[PDB]
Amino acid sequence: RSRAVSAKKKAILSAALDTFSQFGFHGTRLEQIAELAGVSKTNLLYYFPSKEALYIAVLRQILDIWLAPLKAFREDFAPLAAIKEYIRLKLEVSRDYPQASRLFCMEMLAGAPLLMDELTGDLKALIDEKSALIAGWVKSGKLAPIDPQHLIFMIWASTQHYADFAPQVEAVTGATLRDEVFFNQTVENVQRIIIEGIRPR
């Protein structure tokens, strides 16, 4: 309900993200996050009672940003338009918050020791629901027959790649997503491949 409280939380989460990125979970101290955020350590602990709780909150915030378009899917949407928009929003996040994408990737590489409950609970429940929705679209003949979970994974993988594998992308192409021309070429290619791959025939 409180905007001032919400802003303070965001400031702490933003400092935590940037710190957990430069130094890792075990290397990060709460005193470093508080200092970067301009808050007392006691104020930080009021909101996030441990380093573990704060780290999980940073990762839940990235999931929130990433999943917002998919959560919004309704049976009523134009499927190919909705999926196009989803791919574009995902690439914008890789362009704008690459450090979040990398932190999430690092937690996955570690076997999701702190995030596993969020994956098996709330994420699984969401993907189950939207998979049924997408399957309805297939039944209706609005999409070619594909397994929805694999479509979803393809979208995640293809768009996150440009953040997580940025040094390789740059080595190969000379560009990153912060080059506006390259950004646009990327969107156009990822969208064409996925959309023409699921368009009904």
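Numbers for residues come from their place in the sequence shown, where the first is 1.
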Task: Mean temperature factor over C-alpha atoms, higher-scoring stretch between 120-128 and 92-100 - done: 120-128
- [ ] Quick one: say whether 22-30 or 140-148 has the higher mean Cα B-factor in the deposited entry.
- [x] 22-30
- [ ] Could you say which of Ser40, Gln160, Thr173, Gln61 has its CA atom at the highest B factor, as listed in the PDB entry?
- [x] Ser40
Open item on the list: Quiz for you: based on the deposited Cα B-factor, which of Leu67, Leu54, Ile155, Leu133 is highest?
Closed with: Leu133
TODO: Compare the C-alpha B factor of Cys105 with those of the other modelled residues in its chain, then answer lowest, middle or highest third.
DONE: lowest
TODO: Select lowest, middle or highest to describe the third in which the CA B-factor of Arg178 falls within its chain in this entry.
DONE: highest
- [ ] Consider only the C-alpha atoms of the modelled residues in this chain, order them by B-factor as the entry records it, and name the third containing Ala112: lowest, middle or highest.
- [x] middle
TODO: Please place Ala78 in the lowest, middle or highest third of its chain by C-alpha B factor as given in the entry.
DONE: highest
